[PDB]
Structure formats: structure tokens, C-alpha cells
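Chains as they are written, first to last, in my numbering: chain Y, 1 to 175; chain D, 1001 to 1175; chain Z, 2001 to 2175; chain G, 3001 to 3322; chain S, 4001 to 4322; chain A, 5001 to 5322.
Using N, Cα and C, we set each Cβ at its ideal position, and we do this for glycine too.
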Amino acid sequence: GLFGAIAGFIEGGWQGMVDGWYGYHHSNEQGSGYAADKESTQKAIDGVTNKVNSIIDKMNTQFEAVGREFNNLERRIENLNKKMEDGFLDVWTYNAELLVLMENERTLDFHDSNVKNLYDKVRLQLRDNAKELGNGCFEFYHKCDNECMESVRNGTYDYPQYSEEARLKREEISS
Amino acid sequence: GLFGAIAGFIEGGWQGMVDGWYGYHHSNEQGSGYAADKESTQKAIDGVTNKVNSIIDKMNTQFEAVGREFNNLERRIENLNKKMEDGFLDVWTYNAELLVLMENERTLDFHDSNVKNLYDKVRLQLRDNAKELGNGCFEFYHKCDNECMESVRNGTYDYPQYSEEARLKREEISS
Amino acid sequence: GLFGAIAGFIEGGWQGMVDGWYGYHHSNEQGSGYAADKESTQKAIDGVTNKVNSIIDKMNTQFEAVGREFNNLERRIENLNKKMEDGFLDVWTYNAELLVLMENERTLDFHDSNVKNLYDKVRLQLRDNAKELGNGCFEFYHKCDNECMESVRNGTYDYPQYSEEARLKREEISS
Amino acid sequence: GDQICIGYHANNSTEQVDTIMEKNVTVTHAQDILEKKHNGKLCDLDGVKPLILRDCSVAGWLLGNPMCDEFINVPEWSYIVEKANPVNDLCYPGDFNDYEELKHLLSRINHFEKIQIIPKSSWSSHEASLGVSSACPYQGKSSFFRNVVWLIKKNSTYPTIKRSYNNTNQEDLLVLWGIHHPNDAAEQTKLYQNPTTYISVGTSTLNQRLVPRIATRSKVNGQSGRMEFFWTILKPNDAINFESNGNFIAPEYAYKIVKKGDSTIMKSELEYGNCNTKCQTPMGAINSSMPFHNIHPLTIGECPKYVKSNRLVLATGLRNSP
Amino acid sequence: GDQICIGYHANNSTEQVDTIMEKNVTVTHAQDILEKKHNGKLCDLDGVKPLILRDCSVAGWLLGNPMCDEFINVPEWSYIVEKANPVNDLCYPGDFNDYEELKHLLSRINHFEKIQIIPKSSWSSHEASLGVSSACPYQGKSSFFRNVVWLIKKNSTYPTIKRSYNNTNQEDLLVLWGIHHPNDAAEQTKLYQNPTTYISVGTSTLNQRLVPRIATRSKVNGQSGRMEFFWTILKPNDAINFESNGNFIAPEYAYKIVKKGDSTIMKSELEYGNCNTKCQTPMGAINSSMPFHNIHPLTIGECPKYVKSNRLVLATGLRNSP
Amino acid sequence: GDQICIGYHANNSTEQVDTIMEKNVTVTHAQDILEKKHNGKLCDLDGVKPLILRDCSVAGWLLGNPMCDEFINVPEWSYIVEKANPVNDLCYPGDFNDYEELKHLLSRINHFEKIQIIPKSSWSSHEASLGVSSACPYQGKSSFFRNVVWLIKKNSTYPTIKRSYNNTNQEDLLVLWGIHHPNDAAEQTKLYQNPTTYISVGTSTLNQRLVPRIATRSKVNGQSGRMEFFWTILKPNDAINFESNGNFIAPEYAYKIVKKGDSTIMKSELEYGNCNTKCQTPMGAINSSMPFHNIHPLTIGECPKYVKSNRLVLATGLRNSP
Ligand SMILES: *[C@@H]1O[C@H](CO)[C@@H](O[C@@H]2O[C@H](CO)[C@@H](O[C@@H]3O[C@H](CO)[C@@H](O)[C@H](O)[C@@H]3O)[C@H](O)[C@H]2NC(C)=O)[C@H](O)[C@H]1NC(C)=O
Ligand SMILES: *[C@@H]1O[C@H](CO)[C@@H](O[C@@H]2O[C@H](CO)[C@@H](O[C@@H]3O[C@H](CO)[C@@H](O)[C@H](O)[C@@H]3O)[C@H](O)[C@H]2NC(C)=O)[C@H](O)[C@H]1NC(C)=O
Ligand SMILES: *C1O[C@H](CO)[C@@H](O[C@@H]2O[C@H](CO)[C@@H](O)[C@H](O)[C@H]2NC(C)=O)[C@H](O)[C@H]1NC(C)=O
Ligand SMILES: *[C@@H]1O[C@H](CO)[C@@H](O[C@@H]2O[C@H](CO)[C@@H](O)[C@H](O)[C@H]2NC(C)=O)[C@H](O)[C@H]1NC(C)=O
Ligand SMILES: *[C@@H]1O[C@H](CO)[C@@H](O[C@@H]2O[C@H](CO)[C@@H](O)[C@H](O)[C@H]2NC(C)=O)[C@H](O)[C@H]1NC(C)=O
Ligand SMILES: *[C@@H]1O[C@H](CO)[C@@H](O[C@@H]2O[C@H](CO)[C@@H](O)[C@H](O)[C@H]2NC(C)=O)[C@H](O)[C@H]1NC(C)=O
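Shown next as C-alpha cells:
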């Protein structure tokens, strides 16, 4: 994975999560658990489905055609037709195969991208009120609960609230 | 947008900016304003134009061809020609449509990429002499003016100058 | 380069390095030198080779075909054939050209991506035990040697070891 | 302190996918783009049945080959199905002129109806009921094509036939006739008195004169004589005139025909299955949605592009690796 | 504190664009790749005019159909334009041999010039000025093809014609002739004395012997006779020899021809508009730059690939959403 | 303090590459995708030699043109190579029926062997060794095709020939025969007594009757007579029967033939170079691996797709800019 996501900092994806495609895993003082992210997962499903569809729907030109029809004093023409059929087979076969190859690649990168997006959204929402572990994980400078992590998913985490609780807790670890 | 840019931290793009495609928006103690970045915007225009052109210019093989010519005792051959024409229409129609779809996607990601580039250039130029807001915005630990932000665009921002003005101003906010 | 790598923070690539495609350049108290990274460089070679091959191997449909055969009372048919040959020439010529153009782009971005991956792997492995210069370079808050940088490549750098050596060394520079 | 970690989905999927740069990549969800399922029967094209000649060539069918039947009283069809090597063709050996072109013309028909053009009993001064051979055995009794009459001399005379038919129908009509090329001069005289002989047929279009070609040939179904057949479309208001001195195989029946589109003749050993598709295949119908199939090249209909591969598998989910 | 914020452009654009993963995406600037504009007229191809037969078939034009004219004294052309159903074809009913091939050969001509090969008045011992019918009415007076002569018996005699022409020009020359197939034996004698008849034509290439085919046919423009026509290219130093006993429709005019390239016959009801393109369409010319168009499949020239869609709209700017 | 810096490779490469968005980009390593190299000789296809007719057309070869030889005693071939304008075709001017079709049939042959079907000396009551002309000069002495016999009257008589050959071999065999179309009636009587004449050939398939066509023609190689040739495949158990009254150019030799696949006739002025490929070109063989070439459109074999360009250069390394 190109974006440091799958082959990178997040080694392995949680099987414990059925909710969606992307998500969180908390370990607060109540317990621990994983609830998937929705706007992200939803926008992805949309995207992938769409890709599949357009790949199908954009051919929606094909129309009536047929099989084969010359006698054996018309062999030159039979050959003419062969060539043409053969030539189309070579075109379609080659395109289809490479289309899939190329688009498969873009797909797996598209996922990596979103993961890193989600990682960076969390990261920015809470600058130095949290520690960057490197496992794709964040440790809070302060204490936190279940209702606490709702705003974290929401995008309504308030920095100036737990800042001085972190700030003093930061110097305590220093030296 | 894949790179955390358009659909990410920078929610909405400034209409107030006519200068270019990408740029800055200051709010210093003189006033505020937006002057676009040039090497970036320029390299993009070049790139997009180039993409459009090569899409046109690489077909520069086509050449003389024609319409339709068999009597009604040569119907099998008329059919042969139909199929061939038909088959080419199916090829070109499919390719063109998907080409556009794929390249449109890569274009919109190309923009996102550049935005993040620009964001990250600014970010690195001034490590902890500035605060990372998360709106795609930076707040200075020190005071700044108009001539001050020229070097910021230039790429000639001097870190060791305003470092100890920031460093002390940083501890003042701490606890 | 899209990922802030080649056209970005790392201006120019070291010619001094023959080892691989990607790597490090230390300047510790013993001396200085560059040993390339291997899993990265190896995964890239694999990937590029693979791309080249599949571009060759996926055509592995072609088969027996021929040249040209009608007398000058069958000119309409000769024309039929011309068109067909001509039309395939236009398809293959266009596809091949754009295929190359597109994949060349994705290749050069693929490299940029990996560079940034490598940059970010190092970066995260050692949070605030090092300074982020912006040249694509890191300066250590502590002193370091040759055996020291093995774990850095390894991915076995220990943060809580040199943390308080950095932490006190950090406040010394502050104000 | 307290944590939040960003992660991605992973399930018990083992479906692999390929990438421009990577092979055998395990994936969460995947979608096959390539159709591989057919239903192994022949079906209507857009609710219009095919014409399935079982053991008969089109020639065999059109001419009344005694072992074929005229039971093909199906008024309309979308395509024809012949076997690889139909057993019933020209029981009497011979040739059929522009046969392929006629086949093609007949491949798809809007309306088709058999009309008695020149009735078998109107040959008062020639022998109508004698032109019969062991090459076309009907039920042990020897016989001959039903839709066409092989006229023989009455007494020892073959008056010059002058005879025509006006197409007073609105439909185009397809008409057929033949020459007999005897083996030798004696055989000539025996069947028709006259040694020198012609058939001439005229339309507003057609302007032909046939002359029998006498020659020692090899026996085929025991016959060294030969039958050559010919056809045209007689336009609504037009008229066909025949004139013969005698080696004439006279039409008896012809076909009204309304043509509103083309298709082709399919070769298949399959049988009809009551059933419909938009796309048919000698190995069976395809209920298509995918833009590609690998079933068979010789299709009829609106089909997915035929391709040479087993896998066109597109990644839906993500890198689901254990 | 003080701020700088990075943002992107946005304008009052409402032009949508599609993406592999997204539909109806609002964009800053966009570029249409698909040509949709034509100019509704017929134009020169690379500064060479077309040959626009108005109400005539090519046959009509080449033979002198009285209602067509020989005013097509245009020496050169790049393609030919027939109507869907030209009104003036073979006034006298008949057939033209290898017509399509001839049409194709004539579709584009470098030089074309009409030459009096065998002058209408050099038939001293045959009737030249009588072969005339109400099927080809000229100005109320009945008449016949201008570029060809219908020879009739003089007194009650038709001497065997022996006659040839050496092509002493440098250009290839196209030559035409025909047979009359009368309706019946009486009609034969009436026009030509001799009951049995032939035309034979020889070249260094051609070696033909025609024989009129007598038969009752249906009247067409009141005529149950038929005219059958034939042609060749007579090579620079060669010679064509005609010999007939009589059903001969003699050439009078033939065409010098220089052929340096092919094209096709276009079917259109449009008229010339003084004008030039590199690409033409039965609905009008295209001043192409786009690599795709959706105007019409049957083009002539250097054209954008014809495609089945309305929108091939490529994204220039970015996500301009309100 | 102490540093580490991340960088990328750079070498002394100046090979440029193009990108969807960028031109003339300097790169570390690159790979050409487009084949441009051929070896300028003609080679076996998959270890099977071509048949290289040097100065002979196929016709020239098959009939025995005196200047060609029968030295083409190669049993098997994969494709044929004629020159643009072979010098030795039909020494005696004439025509060859379905010539192209026969050329196509012969383009690739599994086995081919020349067999004496009707010996030149078994014509007891006709003249076999006189049918000779200055149009086919052999060594100053005038002469005629080797593989075929031009029978002339003996005394002042040409008895009707009746003659047949059973193909008792297992192989199909290709058989050839001709008519002579004399210049005039006198010439007729001189060579063959009888004024009215025919050749008729019959198979289980073939049913023909030729009739010489007399006409003044232009001399060609000094001859205004013409030779018209014809052919068939005579099936293993079948038999061909000839009967003529006389303008008959009788087979002497015919060809055992085993056909297991098709190819084409290539036009090249090159000569054999002992050598093998899987893909051949009138300018030379290609040892292909690339998926594209730009050498020549008229290939034979398993070839890279032919493309119109000079550069298909793919980026291996990275942005190596000084
Ligand atoms: C095939 O038979 C039909 C019978 O319907 C022929 O059509 C008819 O042709 C006759 C001429 O032969 C037409 O009669 C004419 O009518 C006008 C007045 O309307 C009269 O003044 C003339 O004396 C003249 O004879 C008649 O219109 C026409 N009927 C139809 C239904 O079209 C047809 O001609 C026959 N085919 C041929 C060419 O033999
Ligand atoms: C149509 O007439 C032309 C011109 O009259 C014929 O070609 C002419 O034939 C003459 C005399 O036969 C040729 O001259 C010859 O030239 C060769 C050398 O090239 C020489 O060895 C001979 O002895 C002879 O003189 C020449 O091609 C041409 N005459 C001239 C002066 O141009 C042609 O034969 C006629 N068409 C046919 C097929 O009858
Ligand atoms: C050509 O001769 C062959 C070879 O003898 C004939 O084939 C035999 O003919 C008899 C007579 O009907 C049959 O029993 C078989 O077809 C063949 N027997 C064997 C042992 O081959 C063949 O009939 C001849 N062809 C013609 C047209 O007469
Ligand atoms: C990637 O995985 C596929 C899984 O199908 C491999 O497919 C096998 O192909 C071999 C040929 O060497 C066959 O013998 C097996 O039947 C297939 N495996 C099974 C049982 O699934 C494929 O070979 C792999 N690609 C490579 C070469 O790595
Ligand atoms: C996506 O946007 C296009 C807008 O061009 C939609 O096309 C609509 O089609 C109607 C006709 O029924 C046009 O009058 C309008 O331009 C469009 N409708 C409206 C109300 O915008 C298209 O239907 C839209 N959505 C999709 C993807 O189906
Ligand atoms: C970039 O690509 C090619 C290859 O170098 C250039 O082709 C050159 O044309 C210009 C003059 O028109 C000269 O600089 C060189 O002599 C040419 N090079 C060749 C083909 O040998 C191309 O023009 C370059 N960029 C541009 C637009 O100048």
C-alpha cells in the first residue's frame, strides 16, 4: 500500500470490525471497542460501486451482430473476415485485461488514501493534546471516556478544553 | 478529494481569489488579502494543457477513408463491412468514454496533490515558529507583516530568527 | 513529483548512491555515508518489472495472420480490407501511445510515493527525539553513531531510551 | 493516557485480484466482469423463435426434399439453425446457384408463406407425375423434391412450354427452378424428345437462358445426371415468364416473403428450449450484463464483447491479508 | 496572532463533468472533446470539388440519358454524390455489368475527358439515327442514350460489322457497349435482318462474345426488350475490336481517364456550397480538430473517430461547488 | 548536531521519456517497447521453408512455363513469395480462372507432389508433340507449357476424345486444363478439323462445358489467340472425365496435395537466408518479443501489433535531471 497505510504504519487490519471498511478502536477506562466510520465508508462504497458500474455501463454500445458465411471459392474473403474478428479479439482481450489491472491498482491505493485521510483528520483535530505512537495509534495526554470519543468521530473535539491538562501532563513526562 | 485537501482540511476554496488556481490568504496586522502562487499554478496549467493536447495529438494518425457500396446480391459482404464499422464504433466509443472517466479522476487528484504539496512546503519552512490550526491554516507564534510573508511565498523564511520569540511565546501559552 | 518528494523537499537525488534506488545519508561523529534501503528498493524493482511484463504478457493473444490479395475487379473489397487494416492501425497506435503516457506518469509518482513513505517511516519511528529540517533531513536531539543507525534502518529505534536526553536538550535550545 | 486508533476492515475473504504492479492480492470484496454462464439451449431472439432445420440444409428444406418436410409452417423467424453436416441436402445430386446469398437473405424473415405458383396438375401436355428417382426415396417408393416438378415428355413429344405468373400479392416472392443436365444423348431423348434444348426465364430484372450440359460424370446417390437450381425475388407488380423446350424443373410452390432485417445461419447441434434472450450462442443463450464473455465467438444478438481470458476480476474491497 | 490560509479557485461555473467514481461533478473549466458541429453543405476535399450528379445515377450519366446531361464537363473530382434514389437511370430498361465496381473506380478521378471514339455518322451501311424509343423521351420526341448508338438494319440488310479503335492516347480509356435482347423473333428480324446474332469484343485482355437472349418479359417503361451494358479500361497502346452480326449498341463516346486514388460514392440530398474541408459527411462538412465526432458514420476524408455519445467532456479546472 | 538525509538515485543517463502531462523528461533507466529491428532476409516459419518463386508467377509455375522450372521439388511450405512483377507468367496469352483463390489455396501446403495423370504419349490418335508456339520460346526453339498438352489434329482428323482418370491416391489432387480460343475460323480448321467444338469436364462436383470463343484480338507476345485455364480438387475416390471435340489443352501432370492450413502470398524481392522465425515481413524476419512493431504492415506469423510511431519508450528509473 502506497500511502503508508496498509503496507505501512497500520500493520494488519482489524478483523474484529464488521461495521464497515474503515474505523476506530478505543481503549479507554470503561473498556474497549470498534465502531466503524460512516461518511468515509459510505463515500467509498459509492465510489467503488460507481467504478464497477461505469466500466459496465459505458459499453452500452453494443448492438445486433453475427456468425459465418462464405463458400470455398470465397476463401480470400473468409480470411478477410477472420482477420477482422481475430483483430477485434486481440483488441478487446488486451484492453479488458489491462483495464482490470490498472483499475485494481488504483482501487487498492484509493483505500490506502482514505485510511491516511482518516488518520490525518484525527491527528489534526487534536494537535498536542495527544501522543503519536506510530502504530497508527494515538495516546491521549489526558483521560477520556466513551462520550468523549463521540466528538472525536463527530469532528467536534475541543482543543482548548484539555490543553492545560495535557500541557502540565507533558512536562511531567519530560525529564 | 484524495489528498485530504478539497474533501479534507480545506473545506471550500476561496472564490475571492482570481489570481490563479492555488494560493494564500493572510490576516496580518496591516489587513488581509490573497495573492496566488505562481510556479505551482503555472506548472499545473502546463500539465493540464499538456494532457489535453497529448489526448488530441496522439491520434494524429487518422487518414483518408469512406461510405457504402455493395449491391443486393453481395449482402453477405455488406454485412461483413457493417460488423467491421460497428466493431470500430464499439471500440472507440468505449475507449473514449473510459479514457475521459479515468483521466478526469486523475486530474482532480492532481489538484489535491498540489494543494497538499503547497500546504506541506509552508509547514516545513516554519516548524514550531507557527501553530497548525487544522483548517488548512497556520498561526504565527510571533507577529508578522506584509514584507514578512514575501519570504514565506519566496521560500526564504528564516527559522532561527523568530525562534526564541516563538519559544518563549510558546511556554507562555503552556499552562 | 506529486508527493512533495522529487520536485518538493528533497531537491535532487544523490548520485553518490549506487546501492539501490532509495536510501539514507548519515553524517554522524564517525564520518558519513549512504547505504540504500532494501525491502523498499526490492519491492519497487518487483513492481516496475511486473508492470513492464504484464504490458507485454497480456497481449499473448496474437496469432497467425497475413498480407494482400484481390484483383483489380474487386477493388471495393480491397478497399474494405484497407479500411480494416487502417482502422486497426489507428486503434493500436493510439492505445499504445496513451498507454505509455499514462503509465509513465503513474511510475514517476509511484517513486515519489515510496520516497515519502520512507521519509514518514523514519519520521514516526522517532517523534520528538529528532528535529525536522525540511531538506528531507532529520537532526538528532541526541548524539548518534554507526551501530545507532542500524536500528533506524531496521525499524528498531527505541524512543523511550534517548527521550530525556532529547527533552532536556530541547529546553536548552528554547530561549 | 487514552487512545483512539484508525484501522480498516478485514474479513474471512480469500478472493485474489491482480494489479498492474502486483499479482495474487487478497481482497475484501470483488466483482467478476466476465460472463462465463450460458444455458445450453437455443432461444428466441427478442421473443422471436429461430428456424431450426433439424437434419436439413436450407436447400433441402426449400426444395421439397422428401425426407425433410414442409412442416416449417412457422411464419416468421429471427435466425436459422443448421447442423454442422445436415444429412438431407440435394437428394438428387446437383448445384444451387448463389446458395449462400440466398441463405443469408433467409436468415431472418418477418413473414413467410408458401404459395402454389404453378400447380402440378396444369401440365396437360407434359408428364408431371413421372419425374421421380431412387436418389430421393420417399417411403421406399422413389420420388423427388416436393416444391418443384420434374417434367417429362408425354406420348413422344415435348411441346415448347410458354408460361408465366404475375405476382399479384403485395409481398415480394421468392421463386425457384432447375435444369436437368442428363448424362448422355440417349437419356436426353428418353426424357424429352428434343435433342437441343433451353430454359429461358425473364423478369423485369432477370434475363436468363439455360442450356443443359451433357457429360459423363460420376454417380452420386447412383446418379450421374445433375440438377442445377436458380432463384429470384419477384417484385410485387412484376411477372416471371418461363419458356422451355425441355430440361425444365418447374416451380410448383414459391414463397411470399417480407424481409425487414438481416441475421445469419448458426451452426449448432442444440435443440430449442422454450425460452428467450437478447444474445444467442451455438453452445447456448447468454443472459448478459457483463461487458465481456468468453463463451463462443459466433454469436447472434446484442452481446458482451467476446474475449480470451478466464478472469476479469475487479477489486471492490481492500487488502484483506491475514 | 496572524494567519495565512491556503485555498483554491472557485467561479460562477455550473458545467458538470463525470468521473470513474463520481457523476455530475461541478467544475471550474472544462473542454469538450467531441465534435458536434457540421455546416450542412457539400464541399471540396482538399480543394477538389465533388462530382454532384443531381437526378442521375452514374449509369444514367455515363450513357447519355437524355434527361441527364453531359454537362459534367468537370475534369477532375474527389468523390461522387448520388441521391438516395436518382430519378434518371436506365430510361430503356436493362442491366449494367460490374456497375458497382465501375462506380467505385470512378469515385475519384484525376482527369476525365470525353472522346468521340466511333462517330455516329461513320455507319454508312447501317442505320444510325433510328435506334430511338419512347422509353427515353427527350423533348416530347422519343430518343435514346447520347453516348452510345443503337444500330438498325439499312434496306433489309445488316452487314457484319468489323471495327476497331486503337487507343493512341496516353491515358487509359474507359469504353462502353451493349446488347439489345429483343422480346421475340419478329422484333429481331424487324430491327436486324439476321435471326442468329452475336457481338464479340476483344482486347489484349477482353475476350467476349455476347448473344442476344430472346424472351417474353414484363414491360418496363413500356418496354419488354432489354439493354445490357459492358465496359473496360483500354490500355494506352492497346486496341478494342468489335465485330457484330447485330444486336449491337455501339460506343460513340469514351472517356480518357487518369486515376490516382480511390474514394467512394456518397448518398446525400444536399447541394454544393462553395467551400472546402478535409472531412465530409452526407449531412455536411466538418472542420475537425477533436478526435471524436457523432455526426454521421458515412464520412469521406480525414475525420475524427465516429462515436456514439453526446458528452465527452474533459475536466480542465477543479471542484467548483457552491 | 548530527544528520541523516533521504535522497534518490541519479546517473549519467540522458534518455528522455514522455508523460501525459510532461514532455522530454530525463530518466534514470528506460525500456523500448517498440520493435524496430528486422534481419533483411526471408526465413522459415516455425521451421518450415517458404516457396520462393523467383521470376515466376504461380500460374507460370503450375503450368509448365518453359522459363520457369518444375524444380520446386520442395514437398511442403508455409508461405509463398512472388515478386512484385514476376517476369514469367502466361507466355501464351490468356486467362486463369479463379486464379487468386487457387493462389490462396496454395499459399501453405503440407505435402505437394507432381504426378503424371495423362501421359503425353498416350494420345495415339491425336498430335501431342506439335502444340508449340513462339510465344513460349524455350532455348531458341519455340515451345509451350510443360505440365499440360496442346493437342492438334492428326492426319486431317480430330476424333472425339473421351477420357478419364480415377484418383486412386489418398491425397486430394489438383487438376488443370485449358481451352484454346483461336483467332479465326481458318485457324480453327487448321489445328482441329471440326468447326464447332467443345470441352466438357465432369466430377462428382464439377459439371462444365467450354466452347471456344473466336474473335479478332490484339497480338500479345505475337499471338492473338488465347489460352483459358481451369482447375479443381479431385477428391480421393472420385474421377474426372474429359470429353472433347477439340480445343482442348489436356493435363499431363497433376498435383497430390495435402492442405492442413492457410497463409498468404507475400510480395518481396528478397532472397532466402537459411534461417527461422515466428514472424516474417517483406523486408525481413522479426525475432519478436515486443508487443509492437513499425517495420511493415504485411506480415505473416505471430507478430507484434503493427503501429505508427518511432518511440514507445517506457520509464524504468526516475527523474535523473542535472
Ligand atoms: C400483373 O397484373 C396486374 C393486374 O392487377 C397488372 O396491373 C395492372 O396493369 C394494367 C396495365 O397492363 C393497368 O391497367 C391500366 O389502367 C388504366 C386506367 O387506370 C387504363 O386506361 C389502361 O388501359 C391500363 O391498361 C392497371 O392499372 C394495373 N392494375 C394494378 C392493380 O396495378 C400488372 O401490370 C401486371 N404486371 C405486368 C407488368 O405484366
Ligand atoms: C495501336 O497503334 C500503335 C501505334 O501505331 C501500335 O504501337 C505501335 O506499333 C509499332 C509498330 O508495330 C511499334 O513500333 C515498334 O517498336 C519496336 C521497338 O520498341 C520495334 O522493334 C518494332 O520493329 C516496331 O517498329 C510501337 O509500339 C508503336 N508505334 C509507334 C511509332 O509509336 C499498337 O500496336 C496498336 N495497337 C495494337 C495492339 O495493335
Ligand atoms: C475410382 O476407383 C476407385 C478405386 O478402386 C473406386 O473405389 C472403389 O470402387 C468400388 C465400386 O463402387 C467401391 O467398392 C469402392 O468405392 C472402392 N473400392 C475400393 C477397395 O476402394 C471408385 O469407384 C472409382 N471412382 C469412380 C468415380 O469410379
Ligand atoms: C497465484 O495464485 C493462483 C491461484 O489459482 C495460482 O493458480 C495455480 O496455477 C497453477 C499453475 O502452476 C496450477 O497448477 C494450480 O491449479 C493453481 N492453484 C490453485 C490450486 O489454486 C497461480 O499460479 C499464482 N500465480 C503465480 C504463478 O504466483
Ligand atoms: C446529473 O446531471 C444532469 C444535468 O445535466 C442530469 O440530466 C438531467 O436530465 C434532464 C432531462 O430529464 C435535463 O433537463 C437536466 O439537465 C437534468 N435534470 C436536472 C433536474 O438537473 C442527470 O439526470 C443528473 N443525475 C444523474 C446522474 O442521473
Ligand atoms: C522535445 O522533444 C524533441 C526531442 O528532443 C524535440 O525535437 C527537436 O526539435 C527542435 C527544433 O524543432 C530541436 O530542439 C531539436 O533539434 C529536435 N530534436 C530532435 C528530434 O532531434 C522537441 O522539439 C523538444 N521540445 C521542443 C518543443 O522544442
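**Message:** Does any residue of chain Z have a CB that is nearer than 8 Å to the CB of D4002(S)?
**Reply:** no
**Prompt:** Is it the case that the Cβ atoms of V5175(A) and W5231(A) are separated by a distance below 8 Å?
**Reply:** yes
**Minimum Cβ-Cβ distance from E4022(S) to chain Y less than 8 Å** = yes
**Request:** Report all residues from its chain with a CB closer than 7 Å to the CB of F4292(S); omit the five preceding and five following residues, and keep chain order.
**Result:** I4033, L4034, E4035, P4304, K4305, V4307 and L4312
**Completely contained beta strand (DSSP E) runs for the segment 4047-4109 of chain S, where each covers 3 or more residues** = 4080-4082 and 4094-4096
**Message:** Taking the straight line between their C-alpha atoms, what separation do you get for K2116(Z) and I5006(A)?
**Reply:** 9 Å
**Request:** Check whether the Cβ of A5215(A) lies closer than 8 Å to any Cβ atom in chain S.
**Result:** yes
**Request:** Output the residue ranges of the beta strand (DSSP E) runs that lie fully inside the segment 1079-1144 of chain D and measure 3 residues or longer, sorted by chain position.
**Result:** 1130-1132 and 1137-1140
**Prompt:** Which bits of chain D does residue 2221(Z) rub up against, with CB to CB less than 8 Å?
**Reply:** What is shown of chain Z runs 2001 to 2175, which leaves residue 2221(Z) out entirely.
**Asked** Mapping DSSP to helix, strand and coil, what is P3119(G)?
**Response** coil
**Request:** Count the other CB atoms, across all protein chains shown, that sit within 10 Å of the CB of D1046(D); report buried if there are 16 or more and exposed otherwise.
**Result:** exposed
**Asked** Does the Cβ of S5218(A) lie closer than 7 Å to at least one heavy atom of ligand 2?
**Response** yes
**Asked** According to a CB-to-CB cut-off of less than 8 Å, which residues of the segment 5009-5034 of chain A neighbour chain S?
**Response** none
**Message:** Assuming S5129(A) and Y5198(A) are in contact, meaning their beta carbons sit under 8 Å apart, how far apart are those beta carbons, in whole angstroms?
**Reply:** With a Cβ gap of about 24 Å, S5129(A) and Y5198(A) do not count as contacting.
**Asked** Can you give the Cα-Cα distance for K3114(G) and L1073(D), rounded to whole angstroms?
**Response** 23 Å
**Prompt:** In chain order, what residues of the segment 3174-3189 of chain G put their CB closer than 8 Å to some CB of chain A?
**Reply:** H3181
**Item:** DSSP three-state assignment for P3137(G), whether helix, strand or coil
**Value:** coil
**Item:** 3 or more residues per run - each beta strand (DSSP E) lying fully within the segment 4155-4229 of chain S
**Value:** 4161-4166, 4172-4181, 4199-4202 and 4207-4210
**Asked** How about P3251(G) and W3177(G): do their beta carbons lie closer than 8 Å?
**Response** yes
**Request:** Would you please verify whether the beta carbon of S3129(G) is less than 8 Å from any beta carbon of chain S?
**Result:** no
**Request:** Would you mind stating whether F1138(D) and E4302(S) have Cβ atoms separated by less than 8 Å?
**Result:** no
**Message:** Beta carbons nearer than 9 Å to chain Z: which residues of the segment 3088-3113 of chain G have them?
**Reply:** none
**Asked** Can you check whether the CB of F3144(G) is closer than 8 Å to the CB of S3133(G)?
**Response** yes
**Cβ-based contacts, 9 Å cut-off: residues of the segment 75-86 of chain Y near chain Z** = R76, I77, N79, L80, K82, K83, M84 and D86
**Asked** In the segment 3252-3266 of chain G, which residues sit with their C-beta less than 7 Å from some C-beta in chain D, listed in chain order?
**Response** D3262
**Request:** Determine the DSSP secondary structure at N4274(S), reduced to helix, strand or coil.
**Result:** strand
**Request:** Label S1163(D) either buried or exposed according to how many other C-beta atoms from any shown protein chain fall within 10 Å of its C-beta, with 16 as the threshold for buried.
**Result:** buried
**Prompt:** Would you report the Cα separation of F2088(Z) and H5296(A), rounded to the nearest angstrom?
**Reply:** 14 Å
**Prompt:** Can you round the beta-carbon distance between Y22(Y) and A36(Y) to whole angstroms, since I take them to be within the 8 Å contact cut?
**Reply:** 6 Å
**Message:** Once the 5 residues before and after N2146(Z) are set aside, which same chain residues still bring their CB inside 7 Å of it?
**Reply:** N2028 and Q2030
**Prompt:** Is it right to say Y3272(G) is buried, meaning 16 or more other beta carbons lie within 10 angstroms of its own, or is it exposed?
**Reply:** exposed
**Prompt:** Cα-Cα, which of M4266(S), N4183(S) and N4147(S) is closest to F1070(D)?
**Reply:** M4266(S)
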